[PDB]
Amino acid sequence: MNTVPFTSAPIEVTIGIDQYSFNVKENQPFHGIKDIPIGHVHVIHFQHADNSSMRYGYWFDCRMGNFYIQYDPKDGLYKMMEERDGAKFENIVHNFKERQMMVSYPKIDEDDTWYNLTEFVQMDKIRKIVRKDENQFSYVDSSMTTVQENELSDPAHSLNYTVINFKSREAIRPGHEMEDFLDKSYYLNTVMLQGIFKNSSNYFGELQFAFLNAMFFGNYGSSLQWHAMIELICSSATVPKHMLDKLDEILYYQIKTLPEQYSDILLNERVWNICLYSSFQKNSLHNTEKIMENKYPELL
Amino acid sequence: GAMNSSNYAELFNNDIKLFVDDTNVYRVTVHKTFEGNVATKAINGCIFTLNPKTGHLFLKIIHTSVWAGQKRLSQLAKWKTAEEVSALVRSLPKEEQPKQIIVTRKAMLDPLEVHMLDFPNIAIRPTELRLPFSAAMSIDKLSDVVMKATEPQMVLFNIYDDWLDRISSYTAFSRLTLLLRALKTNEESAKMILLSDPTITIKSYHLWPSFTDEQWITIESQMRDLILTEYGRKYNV
Ligand SMILES: Cc1ccccc1CC(N)=O
């Protein structure tokens with residue numbers, strides 16, 4: 001079990017850690033989060049009391065280093081930093097724990113939610129989508145645009161998701177126009193899976209990372225990406241059976257965890273209706289179809 | 001953007017453009033089978049691809065063999081249309097390719113877009129106009145060449161005959177749309193009006209009668225009257 005200590009909490013802020021969240025008062029004695037499960041990526045995120053705009057946060061993996069948070073009064077945000085000195089770090093944390101100034105990662109034992117939402121998400125793939133190689137952790141916020149969005153302005157601050165475009169030469173073989181447009185299997189299996197992602201695990205990892213950025217930061221380009229990666233599978237007549245079963249599980253837990261009051265903006269009517277009811281895979285997502293029907297029957 | 005009453009004059013500028021209508025590509029008669037079920041029998045169709053500035057009509061005849069052994073023919077017809085329009089553009093010299101293709105039915109947008117991916121600087125546009133191009137098969141010479149075809153065939157017609165020697169494109173397109181609107185709402189009456197007079201003939205290579213300017217005014221009035229009457233009847237107004 002690892003720890004992310006905080007130097008201080010000088011401004012009032014709502015702090016999230018994965019699907020959990022805590023309110024912290026201005027200058028409240030607060031020195032971090034302990035008992036963070038090892039073996040998964042994590043995200044620690046922030047919404048200031050005075051600016052409900054710009055949710056922002058950091059993706060990290062405690063196996064990759066010792067990380068802490070410190071507020072920067074010049075840039076006006078809580079920053080993640082790495083501590084290279086293992087002994088300095090252990091000592092800071094030990095003191096803070098002894099003073100019982102840390103919240104505990106509040107994992108129920110029965111609960112697999114975070115595992116299920118991050119099953120295929122790997123820190124090294126996050127770092128290729130979010131390019132800032134001097135740091136071992138990745139910053140994401142509400143405003144960051146995707147590469148694809150940028151094509152239709154700052155490259156250094158972009159989300160480099162894999163570009164999917166159903167009306168593109170990459171998607172459509174010359175001479176197979178109608179075939180490839182109505183059955184995207186050659187785009188899914190040959191172009192994306194075999195060519196770009198290499199395997200379905202990396203595909204699922206990017207799909208899951210896009211969803212989480214959409215949910216935790218309201219990142220609109222991430223939501224576009226999540227839905228595109230779902231629609232590419234559902235619009236393919238030929239999908240490995242293991243992928244379909246795993247997709248049903250992935251989407252079930254995403255739909256389960258989504259805030260009920262965000263389903264209006266985070267769920268695209270056309271994609272979900274086409275996927276659950278018209279597509280080749282309308283009959284391959286039983287768990288996802290059942291939780292969508294019993295929770296968001298309005299959207300459908 | 002979509003073409004409508006507001007940007008109508010754009011049809012007659014010097015940017016090359018083509019209308020494409022697919023309403024007569026897949027044509028069937030519906031009949032009963034021996035067992036009393038219903039079946040379709042296809043007949044020859046055509047793509048109606050028209051330059052509204054010049055009157056060029058590239059009439060691609062769609063022979064019933066193109067449907068043999070195919071499923072979901074109404075869907076396939078849209079993709080066949082787009083395949084043939086793309087092949088027409090490719091055949092055309094670069095300076096003769098359109099800058100826009102306006103489709104008369106929005107369901108042609110995605111098929112044409114996908115077939116035209118190699119032409120990213122050709123704009124594919126829908127329209128809010130209810131153009132009467134479906135009535136093209138009420139033009140006798142056009143109907144005759146479609147039904148007689150024994151194989152796929154492209155036939156080249158001036159749909160304005162030589163009207164452009166005396167009138168502008170705008171006026172020619174208005175006359176064409178009026179004649180076609182008339183043939184669509186009451187084909188029998190429309191055709192009676194055009195051929196009532198034995199002394200007015202159709203040149204061997206033209207589609208419409210050789211009316212003088214004054215006879216065109218009478219004809220156009222007769223066609224307007226036909227259209228308003230039918231409209232009253234349609235709505236009891
Ligand atoms: C179709 C046609 C009609 C009248 C004149 C010239 C043509 C040939 C062309 N547009 O390539």
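What follows is calculated from the coordinates using simple rules that are stated; it is not laboratory data. Neighbour counts run over all protein chains shown; Cβ positions are idealised from the backbone, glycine included.
General remarks:
- Here the Kirkwood formula, the inverse mean of 1/r across different C-alpha pairs, assigns region B:164-237 a hydrodynamic radius of 13.2 Å.
- Isotropic mean projected area of the C-alpha convex hull, region A:144-300 (nm²): 9.2
- Label-point separation in nm, B:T150 to A:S153, each point 7 Å along Cα→Cβ: 6.5
- Translational diffusion of region A:60-140, µm² s⁻¹ [Kirkwood Rh, Cα pairs; Stokes-Einstein; 37 °C; 0.692 mPa s]: 216
- The C-alpha radius of gyration of the protein assembly as shown, expressed as a fraction of 2.2 N^0.38 Å, stands at 1.35.
- Gain on full stretching of the segment that runs from A:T14 to A:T145 - 0.36 nm per residue minus C-alpha separation: 44.8 nm
- The amide H of A:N66, built 1.01 Å from its N in the peptide plane, has A:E83 as neighbours under 5 Å, considering only residues 5 or more places off or on other chains.
- Estimated FRET transfer efficiency (A:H242, A:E26; beta-carbon r; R0 45 Å; 0.05): 0.35
- Fewest-first sequence of B:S204, A:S200 by Cβ atoms within 10 Å of each Cβ: B:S204, A:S200
- Amide H partners (placed H, <5 Å) of A:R55, local residues excluded: A:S142
- Taking trypsin sites (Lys or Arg not before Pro) across region B:14-106, the ones in a DSSP loop with at most 14 further Cβ atoms lying within 10 angstrom of their Cβ are B:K71, B:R72, B:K99.
- Taking the convex hull of the alpha carbon positions in region B:50-100 and averaging its projected area over all directions gives 4.4 nm².
- Using equal-weight Cα scatterers in the Debye expression, the normalised intensity of region B:9-163 in log10 at q = 0.08, 0.16, 0.20 Å⁻¹ is -0.24, -0.91, -1.38.
- Measuring between alpha carbons in the structure, the pairs from B:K17/B:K106; A:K282/B:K71; A:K79/A:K246; B:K71/B:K99 lying more than 25 angstrom apart are A:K79/A:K246; B:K71/B:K99.
- Kirkwood radius and radius of gyration were both taken over the C-alpha atoms of region B:90-237, and their ratio Rg/Rh is 1.00.
- For chain A, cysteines whose Cβ has no other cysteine Cβ within reach (under 4.7 Å): A:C62
- Estimated inter-spin distance, B:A107 and B:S221, nm [label 7 Å along Cα→Cβ]: 4.2
- Pairwise Cα distances in region A:1-143 exceed 20 Å in 46 percent of cases.
- On the beta carbon distance between B:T40 and A:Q194, with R0 = 41 Å, the FRET formula returns roughly 0.50.
- Computed FRET value (nearest 0.05) for B:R166 with B:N4, which takes r as the C-beta separation and R₀ as 41 Å: 0.90
- Set of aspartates and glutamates near B:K78 by C-alpha distance (under 17 Å), chain-local residues within fewer than 8 positions excluded: A:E177, A:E179, A:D180, A:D183, B:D21, B:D22, B:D110, B:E113
- Whole-angstrom gap from region A:93-172 to region B:19-85, using each part's C-alpha centre: 51
- Region B:91-142 versus region A:1-39: alpha-carbon centroid distance in Å: 60
- Volume per residue of the C-alpha convex hull in chain A, rounded to whole Å³: 142
- 3J(HN,Hα) couplings calculated from phi for region B:186-191 with the Karplus curve 6.51 cos²θ - 1.76 cosθ + 1.60 (θ = phi - 60°) are, in sequence order, 7, 4, 4, 4, 3, 5 Hz; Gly and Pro show x.
- Cβ-based exposure ranking for A:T288, B:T64, in which fewest neighbours within 10 Å come first: B:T64, A:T288
- Label zone at A:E98, where the point sits 7 Å out along the Cα-to-Cβ direction: region A:18-59 residues whose backbone N lies under 19 Å: A:30-35
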